[PDB]
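Peer 1: Take this structure first; my questions come after.
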Amino acid sequence: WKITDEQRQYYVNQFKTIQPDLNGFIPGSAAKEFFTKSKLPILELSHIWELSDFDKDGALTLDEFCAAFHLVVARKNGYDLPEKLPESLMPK
Ligand SMILES: [Ca+2]
């Protein structure tokens with residue numbers, strides 16, 4: 001795993017429309033749609049959100065965003081990812 005500052009800007013350049021800085025929160029609805037817009041079906045988008053939404057507040061912060069976009073990119077051009085998020089048995 002790794003991230004390039006050059007890339008982080010790429011997302012913000014556009015996402016800035018909704019997520020300007022690490023002081024922003026995107027509702028799962030926006031993420032679902034925004035990401036869905038890319039290609040991956042909402043079905044998959046679920047996994048991305050859960051993984052990117054370490055807090056599970058139904059809101060994605062610039063960070064959740066950064067990881068989400070990056071992770072999504074990989075899901076599209078990388079390797080198969082795991083699945084720690086249990087269907088109905090979250091470690092809580
Ligand atoms: Ca969150």
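Chain lettering (A, B, ...) mirrors the order of the structure tokens, residue numbering begins at 1 for each chain separately, and ligand numbering begins at 1 in order of display.
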Could you give me the residues within 6 Å of ligand 1, counting only C-alpha atoms and all ligand atoms, as an MDAnalysis selection string?

Peer 2: chainID A and resid 53 55:61

Peer 1: Got time to write the residues from that selection, N, CA, C and O atoms, as a PDB file, in the first residue's frame?

Peer 2:
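The new file result16.pdb reads:
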```pdb
ATOM      1  N   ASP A  53     -14.894   4.149   5.476  1.00  0.00           N
ATOM      2  CA  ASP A  53     -15.617   4.759   6.597  1.00  0.00           C
ATOM      3  C   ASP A  53     -15.323   4.063   7.933  1.00  0.00           C
ATOM      4  O   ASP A  53     -16.222   3.553   8.604  1.00  0.00           O
ATOM      5  N   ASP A  55     -15.182   4.940  10.671  1.00  0.00           N
ATOM      6  CA  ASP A  55     -16.009   5.410  11.781  1.00  0.00           C
ATOM      7  C   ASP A  55     -17.460   4.945  11.639  1.00  0.00           C
ATOM      8  O   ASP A  55     -18.174   4.799  12.629  1.00  0.00           O
ATOM      9  N   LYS A  56     -17.895   4.723  10.405  1.00  0.00           N
ATOM     10  CA  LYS A  56     -19.264   4.285  10.149  1.00  0.00           C
ATOM     11  C   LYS A  56     -20.273   5.348  10.585  1.00  0.00           C
ATOM     12  O   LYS A  56     -21.296   5.037  11.193  1.00  0.00           O
ATOM     13  N   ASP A  57     -19.984   6.604  10.271  1.00  0.00           N
ATOM     14  CA  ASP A  57     -20.870   7.704  10.635  1.00  0.00           C
ATOM     15  C   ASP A  57     -21.745   8.105   9.451  1.00  0.00           C
ATOM     16  O   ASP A  57     -22.391   9.155   9.465  1.00  0.00           O
ATOM     17  N   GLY A  58     -21.753   7.271   8.421  1.00  0.00           N
ATOM     18  CA  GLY A  58     -22.537   7.575   7.237  1.00  0.00           C
ATOM     19  C   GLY A  58     -22.049   8.842   6.550  1.00  0.00           C
ATOM     20  O   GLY A  58     -22.687   9.348   5.621  1.00  0.00           O
ATOM     21  N   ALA A  59     -20.906   9.348   7.012  1.00  0.00           N
ATOM     22  CA  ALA A  59     -20.313  10.557   6.455  1.00  0.00           C
ATOM     23  C   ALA A  59     -18.820  10.365   6.174  1.00  0.00           C
ATOM     24  O   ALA A  59     -18.057   9.937   7.035  1.00  0.00           O
ATOM     25  N   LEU A  60     -18.407  10.686   4.958  1.00  0.00           N
ATOM     26  CA  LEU A  60     -17.015  10.541   4.575  1.00  0.00           C
ATOM     27  C   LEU A  60     -16.256  11.859   4.660  1.00  0.00           C
ATOM     28  O   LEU A  60     -16.541  12.817   3.935  1.00  0.00           O
ATOM     29  N   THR A  61     -15.258  11.876   5.522  1.00  0.00           N
ATOM     30  CA  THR A  61     -14.412  13.042   5.686  1.00  0.00           C
ATOM     31  C   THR A  61     -13.332  13.050   4.615  1.00  0.00           C
ATOM     32  O   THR A  61     -13.057  12.024   3.990  1.00  0.00           O
TER      33      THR A  61
END
```

Peer 1: Which residues, written as a list in words, have at least one atom at most 10 Å from residue A:38, with only C-alpha atoms counted and residues fewer than 5 positions away on the same chain left out?

Peer 2: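 Residues near the query, excluding close chain neighbours: residues 33, 72, 73 and 76 of chain A.
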
Peer 1: Save the residues we just selected, N, CA and C atoms, as a CSV table (one decimal), in the first residue's frame?

Peer 2:
```
chain,number,residue,atom,x,y,z
A,33,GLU,N,-23.3,8.0,-5.3
A,33,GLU,CA,-23.5,8.5,-6.6
A,33,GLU,C,-22.2,9.0,-7.3
A,72,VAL,N,-10.5,2.9,-4.3
A,72,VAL,CA,-11.4,2.6,-5.5
A,72,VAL,C,-10.6,2.5,-6.7
A,73,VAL,N,-9.6,3.4,-6.9
A,73,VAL,CA,-8.7,3.3,-8.1
A,73,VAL,C,-8.1,1.9,-8.2
A,76,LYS,N,-10.3,-0.9,-9.2
A,76,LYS,CA,-10.5,-0.8,-10.6
A,76,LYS,C,-9.2,-1.2,-11.4
```

Peer 1: With distances taken over only C-alpha atoms, which of A:65, A:11, A:47, A:75 is nearest to residue A:30?

Peer 2: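 That would be A:65, the residue with the smallest distance to residue A:30.
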
Peer 1: Atom CA of residue A:85 and atom CA of residue A:54, how far apart in Å?

Peer 2: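 Separation between atom CA of residue A:54 and atom CA of residue A:85: 9.8 Å.
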
Peer 1: Quick one: residues within 10 Å of stretch 3-9 of chain A, only C-alpha atoms, excluding same-chain residues fewer than 4 positions away - as a PDB file with N, CA and C atoms, in the first residue's frame?

Peer 2:
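Output below, filename part31.pdb:
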```
ATOM      1  N   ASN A  13      -8.763  18.287  -6.540  1.00  0.00           N
ATOM      2  CA  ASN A  13      -8.980  19.222  -7.631  1.00  0.00           C
ATOM      3  C   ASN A  13     -10.451  19.253  -8.037  1.00  0.00           C
ATOM      4  N   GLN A  14     -11.070  18.082  -8.098  1.00  0.00           N
ATOM      5  CA  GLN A  14     -12.481  17.997  -8.459  1.00  0.00           C
ATOM      6  C   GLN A  14     -13.367  17.866  -7.222  1.00  0.00           C
ATOM      7  N   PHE A  15     -13.068  16.886  -6.377  1.00  0.00           N
ATOM      8  CA  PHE A  15     -13.848  16.681  -5.163  1.00  0.00           C
ATOM      9  C   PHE A  15     -13.964  17.972  -4.367  1.00  0.00           C
ATOM     10  N   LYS A  16     -13.004  18.864  -4.556  1.00  0.00           N
ATOM     11  CA  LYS A  16     -13.010  20.148  -3.870  1.00  0.00           C
ATOM     12  C   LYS A  16     -14.398  20.779  -3.971  1.00  0.00           C
ATOM     13  N   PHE A  65     -12.404  10.158   2.152  1.00  0.00           N
ATOM     14  CA  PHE A  65     -12.408  10.452   0.725  1.00  0.00           C
ATOM     15  C   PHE A  65     -11.090  10.022   0.075  1.00  0.00           C
ATOM     16  N   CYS A  66      -9.988  10.539   0.602  1.00  0.00           N
ATOM     17  CA  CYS A  66      -8.666  10.209   0.081  1.00  0.00           C
ATOM     18  C   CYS A  66      -8.485   8.704  -0.066  1.00  0.00           C
ATOM     19  N   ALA A  67      -8.680   7.985   1.025  1.00  0.00           N
ATOM     20  CA  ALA A  67      -8.543   6.540   1.005  1.00  0.00           C
ATOM     21  C   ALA A  67      -9.556   5.907   0.060  1.00  0.00           C
ATOM     22  N   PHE A  69     -11.120   7.162  -2.703  1.00  0.00           N
ATOM     23  CA  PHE A  69     -10.743   7.349  -4.096  1.00  0.00           C
ATOM     24  C   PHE A  69      -9.542   6.470  -4.453  1.00  0.00           C
ATOM     25  N   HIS A  70      -8.499   6.539  -3.633  1.00  0.00           N
ATOM     26  CA  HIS A  70      -7.300   5.744  -3.855  1.00  0.00           C
ATOM     27  C   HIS A  70      -7.642   4.258  -3.900  1.00  0.00           C
ATOM     28  N   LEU A  71      -8.338   3.799  -2.874  1.00  0.00           N
ATOM     29  CA  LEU A  71      -8.736   2.408  -2.784  1.00  0.00           C
ATOM     30  C   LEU A  71      -9.598   2.021  -3.992  1.00  0.00           C
TER      31      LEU A  71
END
```

Peer 1: Which residue is closest to residue A:20? Choose from A:78, A:68, A:86, A:62 and count only C-alpha atoms.

Peer 2: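 Checking each of A:78, A:68, A:86, A:62 against residue A:20, counting only C-alpha atoms, the winner is A:62.
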